[PDB]
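Read the single chain below, which is given as structure tokens and is the form deposited in one PDB entry.
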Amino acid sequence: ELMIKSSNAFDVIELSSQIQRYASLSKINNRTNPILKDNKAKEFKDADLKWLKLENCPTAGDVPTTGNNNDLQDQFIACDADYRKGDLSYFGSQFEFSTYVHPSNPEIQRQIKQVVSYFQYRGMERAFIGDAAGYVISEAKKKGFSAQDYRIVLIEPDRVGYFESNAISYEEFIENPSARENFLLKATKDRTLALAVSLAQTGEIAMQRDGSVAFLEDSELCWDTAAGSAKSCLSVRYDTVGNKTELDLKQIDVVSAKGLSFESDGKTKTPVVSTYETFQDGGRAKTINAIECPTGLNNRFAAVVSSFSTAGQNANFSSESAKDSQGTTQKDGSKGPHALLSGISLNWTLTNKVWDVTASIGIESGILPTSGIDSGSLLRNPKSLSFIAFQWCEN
């Protein structure tokens, strides 16, 4: 019975939906989508559909497996599959690309802009391709596909794959008898008459566990929350002025991360973290443990002056709220007035996960003893100093 139309259209939508899924994946079974590895602006994939079958099949396809054949293998069509049957017979698919640098997959050189899957019409009368197309649109709606961007085309080989020499919208083919016949008037034997299928997913379509289904533009990913009847959402917006995308988390009160990295001027950084530091008694260098950096980043450090005086060892600067400063050591060992200052140096070296910090305060000469921690014109690793330590990681 001539409901083989509907059944034929079912197969057209089934195959096209799987091509769309494949076209939406950057990785398939933990390996780069092979079609993304090249850099040409167009590619046509053959109608035998080996490029869409798994590599581990009785005949080997082009779609990668993991390597362990006990794992679950994501797949698209069965390996004995063939869609070059029926009145709408699969003729191949036209991929159009733009170049793309993937932030985490150096193997990817392009991104897909559009995929068109062609089904040549082998019906008995060529003017009935319109009727057949009506069934594909119906089957599309049944699987959540828009069914609003269809056209009938004539295709012939190009230097690369094929090109559409002429096209007419499905709506003009059905409603415009003049345009219809003018189109059919071009359907010579050198060209191939075909339905051109570009599927767009309605908002009803389910999100898939491999991620091939993208959220619609301006839609939000939301959670029910114990705020009751409130839902807290995030979304990825694009701003046409400035040409930038934003991950908007501002509807949630706090984003709580563990490790966190970001970029400044192409370089990767961790947020600076700060401590209040003083040297302890005895003129000995200060050891500060280095933060553990994310892999690929390296430790940075900076010390900045908060409080100082020329008392050297005769000081307690360890409280943030008060400073104890008892003056400068004199030649006879007594504590005198505070000498005048000429410089402060803060130095730091990273050796084996430890920042070794040293400091010197330069003061007027002729006051300090000849020997000791405070001697000559230098107060070495003085207590009369407080600094803030900033640590971060960068590349």
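Numbering starts at 1 and follows the sequence shown.
The PDB entry records a higher mean C-alpha B factor for 180-188 than for its counterpart among 308-316 and 180-188. Checked against the record, the higher mean CA B factor of 145-153 and 292-300 lies with 145-153. Residue-level inspection of the entry shows that, of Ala140, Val255, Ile168, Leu260, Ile168 has the top Cα B-factor.
Of the candidates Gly203, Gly242, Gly283, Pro271, the PDB record gives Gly242 the highest C-alpha temperature factor. Among the modelled residues of its chain, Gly123 has a C-alpha B-factor that falls in the highest third, as given in the PDB entry. In the deposited entry, the Cα temperature factor of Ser334 places it in the middle third of its chain's modelled residues. Annotation for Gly67: CA B-factor lies in the highest third of the chain's modelled residues.
Placement of the Cα temperature factor of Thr358 within the chain: lowest third of the modelled residues, per the deposited record. In the PDB entry, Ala41 places in the highest third of its chain by CA B-factor.
From this point on, the text means the form deposited in another entry, which you will not see here.
The residue from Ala200, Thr270, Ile373, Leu184 that marks the hinge of the rigid-body rotation between the shown form and the other one is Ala200, the others lying more than 12 positions from any hinge. The pair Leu25 and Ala206 approaches in the other form: their C-alpha atoms are at least 3 Å nearer to each other than in the form depicted. Put simply, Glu220 and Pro103 come closer in the other form: their C-alpha atoms are 3 Å or more nearer than in the form shown.
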